[PDB]
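Every chain is numbered from 1, with letters handed out A, B, ... down the list of sequences. The basis for the numbers below is simple: all heavy atoms, side chains too, and nothing from hydrogens, waters or symmetry mates. Just follow the structure's listing: the first ligand is 1, and inside any ligand the first atom is 1.
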2 protein chains.
Amino acid sequence: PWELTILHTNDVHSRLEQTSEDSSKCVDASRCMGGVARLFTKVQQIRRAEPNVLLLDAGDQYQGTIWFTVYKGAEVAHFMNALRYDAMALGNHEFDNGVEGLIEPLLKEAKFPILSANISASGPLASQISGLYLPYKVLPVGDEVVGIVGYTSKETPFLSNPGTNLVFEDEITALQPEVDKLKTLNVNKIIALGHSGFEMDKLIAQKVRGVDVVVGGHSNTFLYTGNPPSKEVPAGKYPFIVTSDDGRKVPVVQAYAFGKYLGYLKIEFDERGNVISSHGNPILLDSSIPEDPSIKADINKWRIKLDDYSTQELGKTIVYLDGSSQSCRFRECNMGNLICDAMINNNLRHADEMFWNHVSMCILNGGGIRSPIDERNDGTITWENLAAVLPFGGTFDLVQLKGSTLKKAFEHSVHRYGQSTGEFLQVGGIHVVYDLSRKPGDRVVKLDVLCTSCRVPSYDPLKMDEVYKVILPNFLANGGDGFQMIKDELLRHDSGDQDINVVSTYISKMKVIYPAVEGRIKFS
Amino acid sequence: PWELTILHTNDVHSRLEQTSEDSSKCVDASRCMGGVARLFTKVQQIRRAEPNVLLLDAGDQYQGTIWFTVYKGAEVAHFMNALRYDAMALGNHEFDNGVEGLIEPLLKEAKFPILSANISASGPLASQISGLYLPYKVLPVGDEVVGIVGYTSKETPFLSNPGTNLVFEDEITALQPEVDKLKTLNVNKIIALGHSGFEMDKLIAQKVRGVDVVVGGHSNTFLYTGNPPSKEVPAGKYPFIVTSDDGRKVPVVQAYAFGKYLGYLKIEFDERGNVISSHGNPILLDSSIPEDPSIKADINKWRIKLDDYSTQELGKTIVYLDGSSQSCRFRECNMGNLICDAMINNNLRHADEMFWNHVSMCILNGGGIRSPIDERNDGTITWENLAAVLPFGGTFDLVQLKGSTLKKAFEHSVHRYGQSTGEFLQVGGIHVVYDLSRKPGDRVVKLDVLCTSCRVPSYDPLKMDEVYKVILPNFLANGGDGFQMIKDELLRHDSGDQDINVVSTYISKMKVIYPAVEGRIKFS
Ligand SMILES: Nc1ncnc2c1ncn2[C@@H]1O[C@H](COP(=O)(O)CP(=O)(O)O)[C@@H](O)[C@H]1O
Ligand SMILES: Nc1ncnc2c1ncn2[C@@H]1O[C@H](COP(=O)(O)CP(=O)(O)O)[C@@H](O)[C@H]1O
Ligand SMILES: [Ca+2]
Ligand SMILES: [Ca+2]
Ligand code: NA
Ligand code: NA
Ligand SMILES: [Zn+2]
Ligand SMILES: [Zn+2]
Ligand SMILES: [Zn+2]
Ligand SMILES: [Zn+2]
């Protein structure tokens, strides 16, 4: 039998440096995890031990820390090249800076193939981008070859900034002819590597004939066989076995996010490329694995420009930015309005004639606003200032919530009002009125929301059965601050851009800001 | 006796081309007026006839039409040079593009001295600007000399964008030592030429010893002796005679605005420079005076770039911009919100630690909004589109109004509601609630206004005795649409930037706009 070791990462999201256990800034180095220097050590060890190894990335290296803000993907090409990745699939966040911000730096500087079989281009863009990403690549491994076929979320236009040329086709529709073509070319071992989420990965494994293994991403899915090694709770076994329409057992793998784990799957193939067995588990990249000294020194050199950038003026405020708890946990505060306005601006995506924008609404836990910003330093705002306001390393995510769920969230926002607790919500595109003399659970007396399916945005009463798109912190989408109804009742959840980066980009665009308290939240 | 003819303009405000009678776009050429080509004809005729002539401008050539938007003052230098102006005083609007936008093009390209004795600079700016404007200039006229001493409104920091280096000193304090210095230099004929308004001009004439004549501007003051030749109603005789503290009769002149009139004052001096007599009148530059063919051909050449600019994309909207009368004369409309937000943005000026901005409030007659803009032309907005919304050639001015006056204005806004009349007000920085079941004059049931003397902008109830700064159309400041209370009760009025230009600059800054209807105006 011919044995292949697949090493894989996904949704690394700019975690070039080692992180804390929750993937935020590393504080106590002796307990930090991940980072490319530590990944290098582990990949190198495995490559000494196993003859046939592929190192694959399932997309979403772009977006997540100041590394991406400053280097804009050059850091991804550089450090993925240093790790000698064998292939990468395009994720949604690879389009965050447009097709131009993908072509340069990433596609032109990567030394490995970058893959997606379900993205097509038209017009001059088609000639400009031709061959810079590929539907698949056939790679030599030892004396054999392995075909790797890529895919990218069909929902990317709602989750990034790909522009209006590119078309994202249905994954299974695009993948099947490519896999059948590879069979006709005597390629009998085929990995589907792509960025659509665990649920789509399972459908691909079931329905795309000829796929031997699916290596996925997007949903930050943690899979494990046995007692998990850290705090992440598995969604299923590793690999997750799908029975294909033609009776084969097809392993599906993912490796959480943020570079905390290295996926590791061993597959045994027979001479005809049939899978005999598959087993493995993600490896927790904890501090027992040393950071490679040379990669670490390179990381530290690249960090200089990040430190320099962090104190540069992004823009100016002419108003005090009130991010105090005494305001933001008790009433509408202008820092909350600013952040929610930045959240909505970040989520402006190309729209049909059916909506002015696909999302208009924002909620933000006031306890997640951690500092004011004083305007008396010549109005200057720096990244360092914003990192004091938003220190948790979160993202501003997109969810779909029924109106009934959102109303329950606003009741939860004030269910124990008066104690300076974090669940009090700041808002955008929502006007709420509370009557605190009513019983907890019945304190929301008016709740109006900004329309999306309208050419002139205006407010209408919230409807209990209607499903609304809302931008909110990952922390809330995951049920933080007691918002269990959000986690349990949401209909869709996609991870968005880094919290600081969302606000920094908006301030830079606006140049001079003056957010007011304007009646988004009132008390009767 | 030595006779001097003073020809003078002020507040031309970018009216390079001939205009209609009300100084807007020329439509029926046979009845149009003003423009530099016609001015050239008349100045040339007078210079053939009178031996001792000075042609003076009292400031505010900058700002008013697409000419300034595109050429940014190069048109002022070019055409004032062609007319051979002898001197110009700096007005407030010469600072609209900052000191940088004054130095280049105007100060470096004018072939005549540009004057202001009450503006001082510090730091590197002082070395950069030294000598490019002057406190005064002594000019030879025939066999005599005449000193011209300049001044500029002390209020310029609130009425333009001069920056924080320059200091505008009290006019009389700065002028007196310069005039006394000229006396010691054997200059016995002295004109004060400046840009502070008719009231300050009268104080200068009264109190600055040695000033023989004051040539002013800023307040668009029309003075005339006899039956006026057009629709402007005189504020007093021409010249307006002030008796100085030392007993002399000092003529004060101004010549309205917009290039419609050429001021013309004849002064007889004795051998010691005492004024024996003064008489004259502004000359209406009507169609009986031919436009100079060569200046006109030059104007038409320069117009090509304006026509080209007028169809270029300024920015994008992703929402329909509802400037329909059915919306904007009946309720809050998003085009009204956009325009008022642009008005407030245009009036962001440097502020003490005593206010976040000196003005926060805006009113706009809905009848002054003349078209929607459809978003389905790839979202594009052009100057031509904005000129359809705002076709009247107005300005967005700064006034001071007591709260009682503003409340009366909002009652007037709905006093005959339901007839699609123009007085219905769109707003910014004001939240109003009407109850139309109440009697006219008693329909405003809530009126809250955005604070200025606050570090965090928020709304408070309007106070009847407090004086508020408000940005509103010139048309309303002058009592249009029946707002006689505004004209009669306002405490301060200064002319602002061109209406289209205010909106165009804001759209260009924002890049992508999406104004909502958000509850600034409600009905109970
Ligand atoms: N990861 C996180 N992301 C966003 N908000 C968070 C996160 N962790 C905690 N918070 C916020 O921080 C609040 C707790 O704040 P404090 O009362 O100041 C106590 P402390 O900061 O010591 O936890 C929570 O209620 C929540 O709103
Ligand atoms: N110079 C102006 N500046 C601003 N608004 C003006 C001016 N002249 C007229 N308007 C507006 O135009 C309105 C009249 O509009 P319509 O009912 O459409 C009749 P018409 O346009 O024929 O005068 C006035 O009530 C006022 O709001
Ligand atoms: Ca196979
Ligand atoms: Ca004299
Ligand atoms: Na999924
Ligand atoms: Na005046
Ligand atoms: Zn991701
Ligand atoms: Zn993703
Ligand atoms: Zn003026
Ligand atoms: Zn002026």
key: B:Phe392, any N or O under 3.5 Å of ligand 2 N or O   =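 No, since none of the N or O atoms of B:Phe392 sits under 3.5 Å from an N or O of ligand 2.
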task = Ignoring angles and geometry beyond distance, decide whether B:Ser420 reaches within less than 3.5 Å of ligand 2 through its nitrogen or oxygen atoms.
result =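 No.
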Hey, are the side chains of [X] and [Y] touching, using non-hydrogen atoms and a 4.5 Å cut-off?
X        : Y        : result
B:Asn478 : B:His493 : yes
B:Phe222 : B:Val233 : no
A:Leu490 : A:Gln400 : no
A:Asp497 : A:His93  : yes

request  = Inspect the contact between A:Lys202 and A:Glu199 and indicate whether a charged nitrogen and a carboxylate oxygen are less than 4.0 angstrom apart.
outcome  =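 Answer for the salt bridge query: yes.
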Short N-O contact, B:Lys260 and B:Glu232, less than 4.0 angstrom =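 Salt bridge: yes.
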ask   = With respect to the Zn ion (ligand 8), what is the nearest N, O or S atom of A:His218?
value =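 Looking only at N, O and S atoms of A:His218, the one nearest the Zn ion (ligand 8) is named ND1.
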Taking both backbone and side chain into account, is any N, O or S atom of [X] nearer than 2.8 Å to the Zn ion (ligand 8)?
X        : result
A:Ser153 : no
A:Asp494 : no
A:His195 : yes

Give the numbers and elements of all ligand 2 atoms closer than 4.0 Å to a heavy atom of [X].
X        : value
B:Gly368 : 5 (N), 27 (O)
B:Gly422 : 25 (O), 27 (O)
B:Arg329 : 15 (O), 16 (P), 17 (O), 18 (O)

inquiry  = Test side-chain contact (heavy atoms from CB on, under 4.5 Å) on B:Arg520 and B:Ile430; report intermediate values, then the result.
reply    = CA-CA 7 Å; B:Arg520 304 184 189 186; B:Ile430 300 168; over 6 Å; no
query = With a 4.0 Å cut-off on heavy atoms, is B:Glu423 touching ligand 2?
reply =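 The answer is no, since B:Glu423 has no heavy atom less than 4.0 Å from ligand 2.
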Students should be able to answer this: which protein heavy-atom is nearest to [atom], and at what distance?
atom                    : value
atom 12 (O) of ligand 2 : B:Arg370 NH1, 3.1 Å
atom 25 (O) of ligand 2 : B:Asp481 OD1, 2.6 Å
atom 5 (N) of ligand 2  : B:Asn365 ND2, 3.2 Å
atom 11 (C) of ligand 2 : B:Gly367 O, 3.3 Å

key: atom 19 (C) of ligand 2 touched by protein (heavy atom, under 4.0 Å)   =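 It does not; no protein heavy atom is within 4.0 Å.
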Atom 23 (O) of ligand 2 protein-contacted, heavy-atom criterion under 4.0 angstrom =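 Within 4.0 Å of atom 23 (O) of ligand 2, no protein heavy atoms are found.
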task = Check A:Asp60 and report its N/O/S atom nearest to the Zn ion (ligand 7), by atom name.
result =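 Looking only at N, O and S atoms of A:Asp60, the one nearest the Zn ion (ligand 7) is named OD2.
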query = Any idea which part of B:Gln419 is under 4.0 Å from ligand 2, heavy-atom wise: side chain, backbone, both or neither?
reply =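 Neither; nothing of B:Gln419 gets under 4.0 Å from ligand 2.
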ask   = Do side-chain atoms of B:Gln18 reach the backbone of B:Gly35 as a donor and acceptor pair under 3.5 angstrom?
value =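 Judged by distance alone, no pair lies under 3.5 Å.
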ask   = Would you call the rings of A:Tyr256 and A:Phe258 parallel, tilted or perpendicular, where under 30° means parallel and over 60° means perpendicular?
value =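 Plane angle over 60°, so perpendicular.
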ask   = Going by the angle between their ring planes, with limits at 30° and 60°, are A:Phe240 and A:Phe198 parallel, tilted or perpendicular?
value =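 Ring orientation of A:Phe240 relative to A:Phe198: perpendicular.
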ask   = the Zn ion (ligand 7) as vertex, arms to NE2 of A:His13 and OD1 of A:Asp11: angle to 10°?
value =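 Angle NE2(A:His13)-the Zn ion (ligand 7)-OD1(A:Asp11): 110°, rounded to 10°.
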A:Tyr224-A:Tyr238 aromatic ring centre distance below 6.0 Å =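 Centroid separation for A:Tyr224 and A:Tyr238: 6.0 Å or greater.
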query = So, for B:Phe475 and B:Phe483, is the gap between ring centers shorter than 6.0 Å?
reply =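 They do not qualify: ring centres at least 6.0 Å apart.
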